[PDB]
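The chain below stands alone and is given in structure tokens; this is the form deposited in one PDB entry.
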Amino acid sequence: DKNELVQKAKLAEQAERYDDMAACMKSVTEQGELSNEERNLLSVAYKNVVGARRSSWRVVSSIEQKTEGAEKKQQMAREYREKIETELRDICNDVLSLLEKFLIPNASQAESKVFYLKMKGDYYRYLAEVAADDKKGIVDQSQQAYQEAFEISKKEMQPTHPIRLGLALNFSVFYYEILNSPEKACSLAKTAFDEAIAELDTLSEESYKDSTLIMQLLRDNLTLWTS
């Protein structure tokens, strides 16, 4: 019963119980196309679920690498990092399976195809953040998903569309952080920002706010990366 699982996902969201929420939207997906609303539920849920593990992973990885002259503590940090990393990989794998098995094949409109292919790039990028022989394949999958999303979005979405801007944002981050390619990262971010500038004049107040929020993040990264 899809509508019951959705209403439960919405309660979980209000309750900030994102593991519960993600389980609900996973089950909704394992039916077989998501509304604008259900798509953002799935996205919000997994972003928070994986986000908690990414944050924990960064902190414990930092402790693992910094600890000196305390071998048992260092080992405990390594083992805890590995446990967190296993959770994180399991989350990414689940999301990537939903995308591959259900979401991307059934996506009928360009808006949802770009959304899901961006999501695919994102969760392969999150795997690439932690991958120390599988890394090259993971990175190639991230790049290809982002590029597929990028080409559709360039043809079918306005430059101010938040999904097109957010794709450019995350793809630029992929280039900077994962591929260590700051020049390509800056090019993607600056061009997306400048293409959107051209057309902000046409937007309503709400759409203007939507677009400029992502544009601010683009500018913020460009400022960081060029200092």
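Each residue number is its position in the shown sequence, starting from 1. Residues that one form lacks are left out of the comparison. Each form is matched to the other, and the largest set of C-alpha atoms that superpose within 1.5 Å is called the rigid core.
- In the comparison with other entries of the same protein, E16 is given coordinates in all of those covering both sides of it, so it never reaches the one-third threshold.
- Omission of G166 is seen in none of the other entries compared for this protein where the adjacent residues are built, far below a third.
- Per the record, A132 and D133 are separated by 1 to 3 deposited residues that are missing from the model.
- Unmodelled residues of the deposited sequence between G69 and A70: none, the chain being continuous.
- Look at the C-alpha B-factors of 47-55 and of 181-189. On average they run higher in 181-189.
- Higher mean CA B-factor, judged across 200-208 and 13-21 from the recorded values: 200-208.
- Sorting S97, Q144, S112, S153 by the CA temperature factor given in the entry leaves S112 at the top.
- When all modelled residues of the chain are sorted by CA temperature factor, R89 is found within the middle third.
- When the modelled residues of the chain are ordered by their C-alpha B factor, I63 lands in the middle third.
- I138: CA B factor lies in the lowest third for its chain, per the PDB record.
- Sort the modelled residues of the chain by CA B factor and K73 lands in the highest third.
- When all modelled residues of the chain are sorted by CA temperature factor, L103 is found within the highest third.
Beyond the structure shown, there is the form deposited in another entry, which is absent from this document and is the topic of what follows.
- Relative to the superposed core, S55 shifts its CA atom by less than 2 Å between the shown form and the other one.
- Relative to the superposed core, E183 undergoes a C-alpha shift smaller than 2 Å between the shown form and the other one.
- A movement of the C-alpha atom of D210 reaching 2 angstroms or beyond is seen between the shown form and the other one when the two forms are aligned on their rigid core.
- Displacement of the C-alpha atoms by 2 Å or more across three or more consecutive residues between the shown form and the other one, following core superposition, is confined to the single run 201-210.
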